[PDB]
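Each remark here refers to the structure printed beneath this line.
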Ligand SMILES: NC(=O)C1=CN([C@@H]2O[C@H](COP(=O)(O)OP(=O)(O)OC[C@H]3O[C@@H](n4cnc5c(N)ncnc54)[C@H](OP(=O)(O)O)[C@@H]3O)[C@@H](O)[C@H]2O)C=CC1
Ligand SMILES: NC(=O)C1=CN([C@@H]2O[C@H](COP(=O)(O)OP(=O)(O)OC[C@H]3O[C@@H](n4cnc5c(N)ncnc54)[C@H](OP(=O)(O)O)[C@@H]3O)[C@@H](O)[C@H]2O)C=CC1
Ligand SMILES: CN(Cc1cnc2nc(N)nc(N)c2n1)c1ccc(C(=O)N[C@@H](CCC(=O)O)C(=O)O)cc1
Ligand SMILES: CN(Cc1cnc2nc(N)nc(N)c2n1)c1ccc(C(=O)N[C@@H](CCC(=O)O)C(=O)O)cc1
Ligand SMILES: Nc1nc2[nH]cc(Cc3ccc(C(=O)Nc4cc(Cl)ccc4C(=O)O)cc3)c2c(=O)[nH]1
Ligand SMILES: Nc1nc2[nH]cc(Cc3ccc(C(=O)Nc4cc(Cl)ccc4C(=O)O)cc3)c2c(=O)[nH]1
Ligand SMILES: O=c1[nH]c(=O)n([C@H]2C[C@H](O)[C@@H](COP(=O)(O)O)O2)cc1F
Ligand SMILES: O=c1[nH]c(=O)n([C@H]2C[C@H](O)[C@@H](COP(=O)(O)O)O2)cc1F
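Residue numbers (the authors' numbering), protein chains in the order written: chain A, 3 to 179, 193 to 521; chain B, 3 to 179, 193 to 521.
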């Protein structure tokens with residue numbers, strides 16, 4: 003009785019694994035994973051057995067794999083004994099003679115063939131599944147990996163990797179069958208109530224935890240966002256705010272996202288990437304005219320720019336969509352005297368963005384690459400004080416650009432998915448203009464909250480297992496950061512779950 | 003063969019446990035801990051046995067403990083059989099007859115008496131040690147808990163708790179006498208190099224990890240600082256900076272500290288608490304004259320305010336120790352035009368601190384309690400740009416005041432211990448003035464680094480197991496936050512390791 007594992011690489015939506023006798027992709031790192039996972043063993047005087055169908059045996063050229071024994075399932079192949087590295091069996095059950103005897107075989111791997119995969123799962127021979135999810139869907143397949151039966155549960159999901167602009171990750175599924196420290200912490204939590212800080216940061220219950228069977232392998236960085244939702248649902252205090260809609264709120268949180276091997280665009284929900292880009296280039300250009308976004312069919316700033324809202328907050332003198340000195344006016348004209356959105360501000364104020372770009376490439380190891388929007392002198396004139404308040408940038412020794420952001424207030428349902436993608440694009444833009452590669456993104460949050468009219472929606476999103484992040488590439492090298500257009504951006508391999516409608520609190 | 007555990011409460015330095023036949027303190031929560039840990043059992047048809055010396059039996063009034071069986075070690079007590087809840091043995095070894103039979107005894111606890119403790123450890127009867135460390139030292143003891151033998155290793159250390167201004171924590175010692196996920200992550204780290212983000216955040220090696228035997232019980236929040244040192248030693252990139260002293264640096268980190276039950280003043284090193292307060296009240300008053308700190312024998316700002324340094328950074332026109340508009344000038348006079356440190360600035364600029372105090376008590380649930388010091392218009396005039404750049408404050412539903420801080424650059428050897436205690440005091444001051452209690456402290460860091468001339472010192476500090484945090488209380492209620500004096504502060508129960516000298520990089 004030894005272990006039997008499936009190794010397979012399948013597409014993210016339809017589970018395609020083959021086409022015309024070969025693979026529908028060419029990913030070198032995935033073959034290295036197959037090699038390392040099938041060679042891994044404890045006893046040096048034993049070998050691992052790789053079971054595969056005859057058509058897969060043809061596709062690998064009918065040549066042996068070093069250090070391993072290949073088991074071919076075939077009805078017509080001659081049961082040859084000349085090659086000790088290749089053995090032939092007439093059916094899959096008989097090949098499980100690797101179990102019944104042969105103590106020189108340590109582990110068994112079901113290595114390919116839809117027919118072999120389907121029979122191994124149908125007869126309940128498989129203990130573990132190593133799955134490489136490939137983000138390629140609008141191509142032709144003729145061979146599929148069968149649906150994983152309900153007896154299996156995921157226990158690991160890696161970060162997203164990139165090869166030739168193709169996104170992929172690695173997952174492990176398993177077939178389902193000291194206390195002294197945990198007891199002491201429980202007893203201390205009964206004695207001290209909320210006096211014990213751990214009781215103020217309770218671990219989320221299973222019913223609000225995304226894919227709960229993945230306990231020690233939540234490596235995919237979309238869990239950084241999903242688990243923050245779970246923490247708010249678990250520990251969030253019911254609080255009122257300036258809007259009529261109350262929230263559940265906690266204070267002091269963070270999220271990390273990689274940007275070297277993928278782009279952090281959420282997959283558990285279709286995110287309006289075009290509106291995100293249009294808002295960001297609107298910031299970069301220094302613009303505060305809300306009509307320019309509406310003219311581009313972007314209405315995210317409509318609520319905080321209506322005549323009724325502006326009059327209510329004491330800005331009735333202002334034009335309809337004149338939002339005042341907000342993001343993009345502090346970026347390009349910090350401390351500049353604001354009049355209206357139609358005036359000419361060329362030369363007024365401190366151009367933070369221009370100075371940031373120059374210091375990033377003239378003094379990369381400088382510890383002061385800072386862009387701020389919190390101006391106490393201008394807060395009263397803003398339609399809304401800045402939420403993403405301050406950001407810092409860092410040039411690594413291997414010429415990557417990382418970004419930290421402090422956010423004072425985080426609408427997790429609507430604002431947060433935008434903020435993650437927004438500063439990811441901005442860091443990539445700064446990276447290209449300064450001649451670096453994208454690095455890492457960290458977001459530090461003050462008031463992280465969920466509006467109570469988003470509870471049904473966000474619990475729906477928490478029921479969806481994440482998929483690998485897509486890739487985002489620029490189609491050309493711009494001469495100035497203001498020259499970026501929506502046509503220059505290419506989003507590769509984005510296969511999200513359907514859209515989830517959520518209303519904005521004015 | 004069942005478990006034998008010691009339960010004891012001893013003072014943090016000298017391990018005193020008794021005086022004149024009674025305890026040297028009165029801590030209710032510790033008695034409840036003793037009750038819960040000695041009653042904890044699995045089988046409802048079994049009981050736990052509590053072994054104690056005769057003098058301890060006298061000190062508890064010679065009355066039984068509910069649901070448990072007391073085993074008294076005595077040479078003269080009559081071996082009575084009337085009470086089935088109290089049994090008498092003539093020596094400690096014979097009383098371990100609880101093991102040899104009596105299947106109604108599930109667990110065994112050695113519950114007190116220096117004579118009983120010393121014999122239980124000397125004869126190697128003990129498997130586990132439950133230790134309550136009490137921060138009371140300059141009092142009289144006549145009974146001591148023996149030194150824990152080297153066969154034991156700590157596995158848990160709780161946060162600091164407070165009873166009647168007495169600090170204490172709980173520790174567990176043990177006599178130290193699936194792999195599929197870990198293997199897959201290792202294999203993925205061999206294929207992808209620094210392309211896998213986990214390889215850029217490697218777990219610290221044991222030789223640079225403070226108290227490595229505590230793996231799953233690093234609850235004491237001083238580990239938030241110590242483990243950040245370890246992360247920098249493990250993954251820090253060697254980088255140059257404006258000073259002549261290079262650092263090892265990482266980007267994007269955080270630390271959390273409780274403030275309800277203790278004050279986060281590091282114990283692995285004696286911290287100059289008076290210099291911290293004197294600098295903070297210097298900020299609150301709006302002062303930028305460096306001589307006022309030197310006149311109070313505080314020299315932390317001397318290096319960045321000397322004639323040689325000021326001339327070197329292009330501020331040769333300034334008087335000696337005229338630091339310019341820095342912390343406390345942006346706090347009280349944001350955007351105010353700075354001339355020299357001798358001028359009258361009453362009324363100029365935005366008084367952020369005054370507006371913060373007013374909003375904290377008139378609109379507590381407001382999500383904009385923000386204090387910033389990053390002024391792009393004034394950076395060129397500063398002797399040093401702000402390190403602690405922005406802070407946000409939060410009023411919980413149970414009337415506690417929490418604080419978030421973003422720090423762009425963190426000297427972990429010298430600056431970081433100061434920043435932790437500084438913003439803890441400030442949040443406590445704001446809490447008293449606004450009528451709240453202290454909450455939690457979170458510090459988010461950009462460039463966290465260690466200067467290379469601090470490596471020997473910080474590795475020395477990493478060899479010291481932390482002690483419970485002290486308490487900090489105010490002796491009077493001030494009418495204005497500016498009225499706080501050093502005499503108003505009481506530091507209770509601070510027993511740190513000796514001072515560690517480290518030079519500042521100019
Ligand atoms: N992405 C991935 O991870 C992988 C993809 N692939 C791809 O999948 C395709 C191949 O898979 P597939 O089309 O299903 O072919 P198979 O690899 O499953 O091979 C099928 C052959 O196996 C033999 N066989 C299967 N079942 C039995 C049985 N019950 N009794 C006796 N013999 C049996 C038969 O050989 P015979 O006719 O001689 O009797 C059959 O023709 C290729 O394109 C390949 O590249 C393959 C492996 C992995
Ligand atoms: N902080 C804490 O966790 C605890 C503190 N304490 C404190 O410690 C003090 C008491 O401890 P301590 O002074 O050491 O007294 P003990 O509790 O250890 O009791 C001593 C008595 O136990 C009997 N005894 C001990 N060893 C032997 C032996 N080898 N053979 C036979 N009998 C033995 C003797 O009784 P006899 O003379 O009858 O023969 C001896 O006088 C008190 O002040 C108490 O408050 C006590 C428990 C816990
Ligand atoms: C057609 N085929 C089946 C195949 C292909 N990709 C997969 N990918 C995954 N993730 N899992 C599988 N079971 C899998 N199977 C192949 C193709 C190549 C090799 C192969 O060359 N393996 C070498 C790998 C050489 C390398 O280092 O690049 C080895 O040493 O194992 C094996 C099976
Ligand atoms: C004098 N003495 C010895 C004593 C006191 N404090 C300790 N504290 C610790 N952490 N460990 C010990 N072994 C210990 N022993 C005592 C004192 C009171 C009780 C006691 O009353 N226990 C009650 C609890 C009373 C309550 O809940 O407060 C129980 O039911 O266990 C036991 C032992
Ligand atoms: N409380 C609060 N006030 C805000 N003021 C300004 C913002 C910024 C802001 C405002 C609205 C939206 C928004 O609807 N996004 C969308 C979400 C989904 Cl799920 C689908 C489509 C859109 C879309 O619009 O294409 C995103 C950001 C904002 C915010 O996010 N929250
Ligand atoms: N690189 C850099 N520049 C700085 N400018 C301004 C600061 C702020 C700053 C400056 C100096 C010290 C400092 O010596 N603390 C001490 C440390 C120990 Cl271990 C013992 C005594 C003292 C003491 O002095 O009583 C603490 C903070 C600071 C800093 O910490 N690092
Ligand atoms: O980029 C944004 N991110 C964000 O989270 N909000 C939300 C946070 C909060 O729910 C709401 C109001 O901010 P506040 O009430 O704190 O002034 O705006 C708004 C943005 F524009
Ligand atoms: O409160 C402080 N905290 C701190 O960490 N530094 C250190 C950080 C850095 O090592 C040094 C210089 O900052 P920088 O060269 O990035 O401008 O000051 C200085 C302070 F005053």
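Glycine included, C-beta positions come from ideal geometry on N, C-alpha and C.
**Message:** Is the separation between the beta-carbon of residue 320(A) and that of residue 398(A) shorter than 8 Å?
**Reply:** Here the question's residue 320(A) lines up with position 305 in the first chain. Here the question's residue 398(A) lines up with position 383 in the first chain. Contact check for residue 320(A) against residue 398(A) passes: the beta carbons are separated by less than 8 Å.
**Request:** Give the C-beta separation of residue 269(B) and residue 459(B) to the nearest angstrom, bearing in mind that I take them to be a contact with Cβ-Cβ under 8 Å.
**Result:** Counting from 1 along the second chain, the entry for residue 269(B) is found at position 254. Counting from 1 along the second chain, the entry for residue 459(B) is found at position 444. Rounded to whole angstroms, the Cβ separation of residue 269(B) and residue 459(B) is 5 Å, and the two are in contact under 8 Å.
**Message:** Please identify, using Cβ separations under 9 Å, the residues of the region 110-130 of chain B that lie next to chain A, in order along the chain.
**Reply:** Residues are counted here when their Cβ sits less than 9 Å from a Cβ of chain A; for the region 110-130 of chain B these are 130, given in chain order.
**Message:** Could you compute how far the alpha carbon of residue 279(B) sits from the alpha carbon of residue 487(A)?
**Reply:** Along the second chain, one-based indexing puts residue 279(B) at 264. Along the first chain, one-based indexing puts residue 487(A) at 472. Roughly 43 Å separates the two Cα atoms.
**Message:** Are the CB atoms of residue 146(A) and residue 16(A) within a distance shorter than 8 Å?
**Reply:** Indexing the first chain from 1 puts residue 16(A) at position 14. Indexing the first chain from 1 puts residue 146(A) at position 144. Going by C-beta atoms, residue 16(A) is nearer than 8 Å to residue 146(A).
**Item:** Secondary structure, alpha helix (DSSP H): runs of 4+ residues fully inside the region 395-469 of chain B
**Value:** Look at the region 395-469 of chain B and you find these whole runs of alpha helix (DSSP H), each 4 residues long or longer: 430-449.
**Prompt:** Hey, would you say residue 8(A) sits closer than 8 Å to residue 112(A), going by beta carbons?
**Reply:** Start at 1 with the first residue of the first chain, and residue 8(A) comes out as number 6. Start at 1 with the first residue of the first chain, and residue 112(A) comes out as number 110. Taking 8 Å as the cut-off, the beta carbon of residue 8(A) is found closer than this to the beta carbon of residue 112(A).
**Asked** What residues are listed by DSSP as bridge partners for residue 49(B)?
**Response** In the second chain, counting from the first residue as 1, residue 49(B) sits at position 47. Paired residues: 107(B).
**Request:** Quick one: grab the DSSP three-state call for residue 479(B).
**Result:** As a first step, residue 479(B) must be located in the second chain, where it is residue number 464. If DSSP states are grouped into helix, strand and coil, residue 479(B) belongs with coil.
**Asked** Just the Cα atoms here: how many angstroms apart are residue 50(A) and residue 22(A)?
**Response** For this step, residue 50(A) is matched to residue 48 along the first chain. For this step, residue 22(A) is matched to residue 20 along the first chain. Within the model, the alpha-carbon separation for residue 50(A) versus residue 22(A) is close to 29 Å.
**Prompt:** In its own chain, which residues sit with a C-beta less than 6 Å from the C-beta of residue 12(A), not counting the 5 before and 5 after it?
**Reply:** Here residue 12(A) refers to the residue found at position 10 of the first chain. Contacts found: 19 and 147.
**Asked** residue 71(B): which of 517(B), 512(B) and 91(B) sits nearest, CA to CA?
**Response** In the second chain, the residue the question calls residue 71(B) occupies position 69. Minimum Cα distance to residue 71(B) is reached at 91(B).
**Asked** Which residues, in chain order, does the region 199-218 of chain B contribute to contact with chain A at a C-beta distance below 8 Å?
**Response** Flagged, chain order: 199, 200, 202, 203, 205, 206, 207, 209, 210, 211, 212, 213 and 215.
**Message:** Counting only C-beta atoms, is residue 397(A) closer than 8 Å to chain B at any point?
**Reply:** To locate residue 397(A), count along the first chain from 1; it is residue 382. No, residue 397(A) does not count as interfacial toward chain B.
**Prompt:** Is residue 62(B) near ligand 4, in the sense that its beta carbon is under 7 Å from a heavy atom of that ligand?
**Reply:** In the second chain, counting from the first residue as 1, residue 62(B) sits at position 60. Checking every heavy atom of ligand 4 against the Cβ of residue 62(B), one is found closer than 7 Å.
**Asked** What residues in its chain sit with their C-beta under 8 Å from that of residue 228(B), if we drop five residues either side in the sequence?
**Response** Residue numbering aside, residue 228(B) sits at position 213 when the second chain is read from its first letter. Listed in chain order, the non-local C-beta contacts of residue 228(B) below 8 Å within the same chain comprise 155, 156, 157 and 178, local neighbours out to five positions each way being set aside.
**Request:** Output the distance between the C-alpha atoms of residue 391(A) and residue 263(A), rounded to the nearest integer angstrom.
**Result:** The count along the first chain starts at 1 and reaches residue 391(A) at position 376. The count along the first chain starts at 1 and reaches residue 263(A) at position 248. When the Cα atoms are used, residue 391(A) and residue 263(A) turn out to be separated by approximately 28 Å.
**Request:** Say whether the region 52-59 of chain A touches the region 110-127 of chain A, bearing in mind that this needs 3 or more beta-carbon pairs closer than 8 Å, one atom from each stretch.
**Result:** Yes, the region 52-59 of chain A is in contact with the region 110-127 of chain A.
**Item:** Span of the alpha helix (DSSP H), counted from its first residue to its last, around residue 370(A)
**Value:** Locating residue 370(A) in the first chain gives position 355, counting from the first residue. Taken as a continuous stretch (DSSP letters only), the alpha helix (DSSP H) holding residue 370(A) covers 367-377.
**Request:** Using a threshold of 8 Å, state whether the C-beta atoms of residue 161(A) and residue 236(A) are closer than that.
**Result:** Sequence index remark: in the first chain, residue 161(A) carries index 159 (1-based). Sequence index remark: in the first chain, residue 236(A) carries index 221 (1-based). Their beta carbons are under 8 Å apart, which means residue 161(A) touches residue 236(A) by this criterion.
**Request:** Can you give me the start and stop residues for the alpha helix (DSSP H) that residue 323(B) sits inside?
**Result:** Position 308 of the second chain, counted from the first residue, corresponds to residue 323(B). First-last of the alpha helix (DSSP H) with residue 323(B): 322-327.
**Request:** Compute the distance between the beta-carbons of residue 253(A) and residue 281(A), then report whether it is under 8 Å.
**Result:** As a position in the first chain, residue 253(A) is number 238, starting the count at 1. As a position in the first chain, residue 281(A) is number 266, starting the count at 1. In this structure, residue 253(A) lies away from residue 281(A), with their beta-carbon atoms at least 8 Å apart.
**Item:** Presumed contact (8 Å Cβ cut-off) between residue 372(A) and residue 496(A), rounded CB distance
**Value:** As a first step, residue 372(A) must be located in the first chain, where it is residue number 357. As a first step, residue 496(A) must be located in the first chain, where it is residue number 481. A Cβ-Cβ separation of about 7 Å places residue 372(A) in contact with residue 496(A) under the 8 Å criterion.
**Message:** Let's see if you can read the secondary structure: which residues bound the beta strand (DSSP E) around residue 176(B)?
**Reply:** Taking the first residue of the second chain as 1, we reach residue 176(B) at position 174. For residue 176(B), the uninterrupted beta strand (DSSP E) segment begins and ends at 168-177.
**Asked** Between residue 456(A) and residue 272(A), is the Cβ-Cβ spacing less than 8 Å?
**Response** By one-based count along the first chain, residue 456(A) stands at place 441. By one-based count along the first chain, residue 272(A) stands at place 257. Cβ distance < 8 Å, so residue 456(A) and residue 272(A) count as in contact.
**Pair within 8 Å by beta-carbon distance, residue 401(B) and residue 440(B)** = In the second chain, residue 401(B) corresponds to position 386, counting from 1. In the second chain, residue 440(B) corresponds to position 425, counting from 1. Contact: no.
**Request:** Give me the Cβ distance between residue 311(B) and residue 293(B), rounded to the nearest whole Å; I'm assuming they're in contact under 8 Å.
**Result:** Here residue 311(B) refers to the residue found at position 296 when the second chain is read from its first residue. Here residue 293(B) refers to the residue found at position 278 when the second chain is read from its first residue. In this structure residue 311(B) touches residue 293(B) by the C-beta definition: roughly 5 Å separates them, less than 8 Å.
**Request:** Report whether the distance from the Cβ of residue 297(B) to the nearest heavy atom of ligand 6 is below 7 Å.
**Result:** On the second chain, residue 297(B) is found 282 positions in, with the first residue counted as 1. No.
**Request:** Taking residue 26(B) as the reference, give the member of 142(B), 52(B) and 65(B) with the closest Cα.
**Result:** As a working mapping, residue 26(B) is identified with position 24 in the second chain. Checking every option, the nearest Cα to that of residue 26(B) belongs to 142(B).
**Message:** Less than 8 Å between the C-beta atoms of residue 303(A) and residue 251(A), yes or no?
**Reply:** In the first chain, the residue the question calls residue 303(A) occupies position 288. In the first chain, the residue the question calls residue 251(A) occupies position 236. No; because the gap between Cβ atoms is not below 8 Å, this pair is not in contact.
**Message:** Please report whether the beta-carbon of residue 157(A) lies at a distance below 8 Å from any beta-carbon of chain B.
**Reply:** As a working mapping, residue 157(A) is identified with position 155 in the first chain. Yes, residue 157(A) lies at the interface with chain B (some Cβ there is under 8 Å from its Cβ).
**Proximity test, Cβ basis, 8 Å: residue 409(B) and chain A** = Sequence index remark: in the second chain, residue 409(B) carries index 394 (1-based). Residue 409(B) counts as touching chain A.
**Request:** Using the DSSP secondary-structure output, state which residues sit across from residue 505(B) in a beta bridge.
**Result:** For the purposes of this step, residue 505(B) is taken as residue 490 along the second chain, with counting starting at 1. For residue 505(B), the beta-bridge partners assigned by DSSP are 488(B).
**Request:** Check each candidate in 385(B), 466(B) and 24(B) and name the one with the smallest Cα separation from residue 144(B).
**Result:** Along the second chain, one-based indexing puts residue 144(B) at 142. When each option's Cα is compared against that of residue 144(B), the closest is 24(B).
**In chain order, each alpha helix (DSSP H) run of at least 4 residues that lies wholly inside the region 265-319 of chain A** = Residue ranges of uninterrupted alpha helix (DSSP H) with 4 or more members, entirely inside the region 265-319 of chain A and ordered along the chain, are 288-299 and 306-310.
**Request:** For my contact list, residue 128(A) and residue 483(A) are in at a C-beta cut-off of 8 Å; report their separation, rounded to the angstrom.
**Result:** As a working note, residue 128(A) is residue 126 in the first chain. As a working note, residue 483(A) is residue 468 in the first chain. Actually they are not in contact, since the Cβ atoms of residue 128(A) and residue 483(A) sit about 23 Å apart, beyond 8 Å.
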